[PDB]
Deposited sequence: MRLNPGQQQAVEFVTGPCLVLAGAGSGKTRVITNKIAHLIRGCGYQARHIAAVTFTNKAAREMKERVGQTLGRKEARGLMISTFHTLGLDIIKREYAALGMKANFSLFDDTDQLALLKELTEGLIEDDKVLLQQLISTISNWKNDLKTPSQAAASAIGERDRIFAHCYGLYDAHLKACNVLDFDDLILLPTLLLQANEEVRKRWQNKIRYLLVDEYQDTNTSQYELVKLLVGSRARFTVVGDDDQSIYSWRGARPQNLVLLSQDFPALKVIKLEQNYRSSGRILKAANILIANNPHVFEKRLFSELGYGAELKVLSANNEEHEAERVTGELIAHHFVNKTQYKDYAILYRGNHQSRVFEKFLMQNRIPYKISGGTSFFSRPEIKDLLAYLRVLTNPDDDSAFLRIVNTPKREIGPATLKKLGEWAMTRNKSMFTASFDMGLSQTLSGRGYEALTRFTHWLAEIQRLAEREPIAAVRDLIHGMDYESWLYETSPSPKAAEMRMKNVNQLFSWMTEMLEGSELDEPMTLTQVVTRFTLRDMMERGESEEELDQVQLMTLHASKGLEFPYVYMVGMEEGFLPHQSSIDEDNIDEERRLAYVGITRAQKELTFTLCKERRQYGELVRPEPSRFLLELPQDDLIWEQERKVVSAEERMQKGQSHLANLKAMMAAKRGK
């Protein structure tokens, strides 16, 4: 049933309305129900309501519920969709109007960056992070309804003057070859609808009432497109929280909720404050943490659930200790409270802080998911290495051999492989094993049986040795095929091969520490050290492990916001730019994602650059309500 605010937002259907749903307030229920009502209580034909969101997920999720309350029929034609779906669908539908049609495949992300590489070879470094900016910064001036020259105007800085020119060639090639990146799909009808009234109204009448979720994420283009979509008839309901604006660095106009209030003054801010997920204690902290932010709309959250357990603040000594402690504490909790691996979540600022957890987690046969990113254990360089090791440990895994055969770079053609397989198959065994039967010698010969022997040899003599000197063996397995060189030849920019390699050491060193065992951890047979690694290789129980950003709009019973140091959470970059407000929002989000218990963690020391630094507790931990926080020792 509807809690008052919800109720109110649901009923106010007569004008430009803004619902300021605090976290866990249940917006999607409102929206749905708004729709459902709009239909059943004010006639307002289904086909005349547009529900816009940002992700193709929210999208299906919303469609799910809608149809779950609305009867198959009446629910007919709901303009539920992403911005981009529509934005495109406009371009599409009105192009068919002039009688004509369109045909220029959206330049899906990659394609762009790609095109951007060839576009900026000598101009700009062969680097990902770089190109990223280039991409992003380009996609910005675009959301700043600008031209590749108007942008050289508003262009202060060396590589920026460059990005501008580069930018120039981007739209250059695109306008030309006849294709469009994503944001184009918005600033497309946006323009096409402003410049022309004929079309404008047709939409204005298609889209009788519009609802928009996740409004704090809105960018200019969308913003306008929205305005255009319902200019002053203004029969809508935008929905958001300004304290959850975090993708500002990506065209999200923070003051969107305010800007709205201006070019729309009969705005009725209805706010949802009741929370259905977090304990009182969590909410209190969050509630306070965020009040240190210069605040406009007052929003003070509250739930009807029990005050929880104290927010603990585990202080780790170094980068590793942290992961160790968490994974450790993750496990205990879990054991003692008989819960599920998925009730847990581990959140960080940057993507690297993940690497080390990925270790312990895996090292402790604790299943997980690297939502925010890509699990170390997939990265080909490591998948490959794994397989050799899998082979070594188990010469019956055709899977692995089939994969490592020539991949490190020998000359064992598919023939010399399918024929060994074919003879191995009827002699009933593994390839590597059968790659030794003297009867296989004449089913296949030539130069293929001249590389297969050699290789399958090199392996076995190493596999032999690993039997007592794993490390050595592996170490030898490494420099042996000179994966290093191989990578440098296969990997794109060397820096990638460099990293692709760095990974390879990492793995090995892990694998080593494990074989070496330790003071309390009795050492492992290479076979186990392997199986540990291997297990890695959705209706699954596993620890959500992702970045705060990754976490936006999710929840989990137990959260470990790790790395609560200054440089890190209050991200140094931002630290020194005086914008923290966002970082703060960032934290506050993090925090409001946990529902039963929350734990913060920080490293007492970080390795600056071989130079070790003793960082200070994310000021955030301090602004929190100390009565409910429990710093360790």
note = The answer, as deposited-sequence ranges with no C-alpha, is 1, 539 to 546, 643 to 673
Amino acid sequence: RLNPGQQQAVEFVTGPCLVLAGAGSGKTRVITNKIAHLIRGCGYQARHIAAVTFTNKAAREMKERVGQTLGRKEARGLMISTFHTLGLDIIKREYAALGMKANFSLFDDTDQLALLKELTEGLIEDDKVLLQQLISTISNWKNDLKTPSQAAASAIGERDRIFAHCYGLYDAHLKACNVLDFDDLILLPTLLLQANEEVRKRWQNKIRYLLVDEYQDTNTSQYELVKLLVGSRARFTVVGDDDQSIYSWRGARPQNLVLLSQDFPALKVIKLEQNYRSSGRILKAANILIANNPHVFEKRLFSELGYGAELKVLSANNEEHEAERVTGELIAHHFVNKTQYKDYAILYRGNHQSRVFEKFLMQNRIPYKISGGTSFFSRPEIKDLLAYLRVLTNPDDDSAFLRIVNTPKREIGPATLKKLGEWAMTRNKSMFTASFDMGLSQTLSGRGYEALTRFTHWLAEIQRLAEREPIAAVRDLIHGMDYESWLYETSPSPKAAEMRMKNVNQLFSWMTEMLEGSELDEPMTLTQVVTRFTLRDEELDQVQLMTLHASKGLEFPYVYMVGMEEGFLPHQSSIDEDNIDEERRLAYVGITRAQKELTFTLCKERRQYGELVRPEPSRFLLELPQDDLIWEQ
From here on, numbers count along this sequence of modelled residues.
message = Please compare 124 to 132 with 498 to 506 and name the stretch with the higher mean C-alpha B-factor in the deposited structure.
response = 124 to 132
remark   = Averaging the C-alpha temperature factors as deposited, the higher value of 565 to 573 versus 65 to 73 falls on 65 to 73
message = Among 88, 514, 286, 400, where is the Cα B factor highest in this entry?
response = 400
Selection from 364, 534, 190, 453 [criterion: highest C-alpha temperature factor in the record] = 453
ask   = What third of its chain, lowest, middle or highest, does the C-alpha temperature factor of residue 551 fall into?
value = lowest
remark   = For residue 93, the third of its chain by CA B-factor is the middle
ask   = Taking the entry's C-alpha B-factors for this chain, is residue 380 in the lowest, middle or highest third?
value = middle
query = So where's residue 294 on the chain's Cα temperature factor ranking, which third?
reply = middle
query = residue 118's Cα B-factor: lowest, middle or highest third of the chain?
reply = highest
